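Rule-based calculations on the coordinates, nothing more; no lab input. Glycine also receives a Cβ, built like all others from the backbone with ideal geometry; neighbour counts cover every protein chain displayed.
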Ligand SMILES: OC[C@H]1O[C@@H](O[C@H]2[C@H](O)[C@@H](O)[C@H](O)O[C@@H]2CO)[C@H](O)[C@@H](O)[C@H]1O
Ligand SMILES: [Cl-]
């Protein structure tokens, strides 16, 4: 698949929806980004950074009216340059739950409450993208 990739989420997200992203991190990767969009707003931005001041960190945030909010940062970093990965985002009633390579990584409390209007997922960054899909569990 071509990156950046736009995956429509028809009718928005709903609890029990599972989004699975398969790809490979490029050897000299700097960033990965998943952007769950509500129009121009970003309900949930998931942003692994491979070199923020020579540390690897995951930054999560929400963008409202073109303004970023308070960042939530996770120092646990399961990605590795050059290696294949699986990201799974499970929508639960109160949070997005993210697992990488079948291991729980983090939860992100819903700041954007109109889940049915979060209708696009943008996938970008230094990856080869193999598959992006969703299903109901
Ligand atoms: O919060 C997600 C958002 O971060 C922006 O970068 C921030 C950076 O994380 C922060 O340390 C600095 O003080 O401000 C920057 C600008 O708000 C990224 O530019 C953006 O792409 C998102 O990743
Ligand atoms: Cl809202």
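Take residue 111 and decide whether it is in a loop (DSSP other than H, G, I, E, B), touching a strand residue (DSSP E or B) at 6+ places or on another chain (Cβ under 8 Å) and within 15 Å of ligand 1 (Cβ to nearest atom). When the stated conditions are applied, residue 111 passes them.
Candidates 69, 82: the one that is in contact with a strand residue (DSSP E or B) (Cβ under 8 Å, 6 or more places away or on another chain) and at positive phi is 82. Just one residue in the set 101, 47 is within 12 Å of ligand 1 (Cβ to nearest atom) and touching a strand residue (DSSP E or B) at 6+ places or on another chain (Cβ under 9 Å); that residue is 47. Report yes if residue 36 is within 16 Å of the chain's Cα centre (by Cα) and either loosely packed, with under 15 Cβ neighbours inside 10 Å or within 16 Å of ligand 2 (Cβ to nearest atom) (or both), otherwise no. It is true that residue 36 is within 16 Å of the chain's Cα centre (by Cα) and either loosely packed, with under 15 Cβ neighbours inside 10 Å or within 16 Å of ligand 2 (Cβ to nearest atom) (or both). For the range 71-108, the set of residues classified as outside any strand (DSSP E or B) and touching a residue at least 60 places away in the same chain (Cβ under 8 Å) consists of 92, 93, listed by residue number.
Considering only residues that are surrounded by fewer than 17 Cβ atoms within 10 Å (Cβ to Cβ) and over 26 Å from residue 67 (Cβ atoms), which ones fall in the range 96-133? Passing the criteria: 101, 102, 103, 104, 128, 130, 131, 133. Residue 116 satisfies every condition listed in (1) in contact with a strand residue (DSSP E or B) (Cβ under 8 Å, 6 or more places away or on another chain); (2) within 16 Å of ligand 2 (Cβ to nearest atom) except (1).
Exactly one residue among 3, 14 is within 16 Å of ligand 2 (Cβ to nearest atom) and not in a strand (DSSP E or B), and that residue is 14. Of the candidates 51, 28, 66, the single residue that is within 16 Å of ligand 2 (Cβ to nearest atom), over 14 Å from the mean Cα position of the chain (by Cα) and surrounded by fewer than 16 Cβ atoms within 10 Å (Cβ to Cβ) is 66. Remark: residue 88 matches the filter, which requires a residue to be more than 13 Å from ligand 1 (Cβ to nearest atom), within 10 Å of the chain's Cα centre (by Cα) and either surrounded by fewer than 19 Cβ atoms within 10 Å (Cβ to Cβ) or within 26 Å of residue 1 (Cβ to Cβ) (or both). Filtering the range 37-54 to residues that are in a strand (DSSP E or B) and free of Cβ contacts under 8 Å to residues at least 12 places away in the same chain leaves only 52. On the given criteria, is residue 61 within 16 Å of ligand 1 (Cβ to nearest atom) and either surrounded by 12 or more Cβ atoms within 10 Å (Cβ to Cβ) or without any contact (Cβ under 8 Å) to a residue 60 or more places away in the chain (or both)? It is true that residue 61 is within 16 Å of ligand 1 (Cβ to nearest atom) and either surrounded by 12 or more Cβ atoms within 10 Å (Cβ to Cβ) or without any contact (Cβ under 8 Å) to a residue 60 or more places away in the chain (or both).
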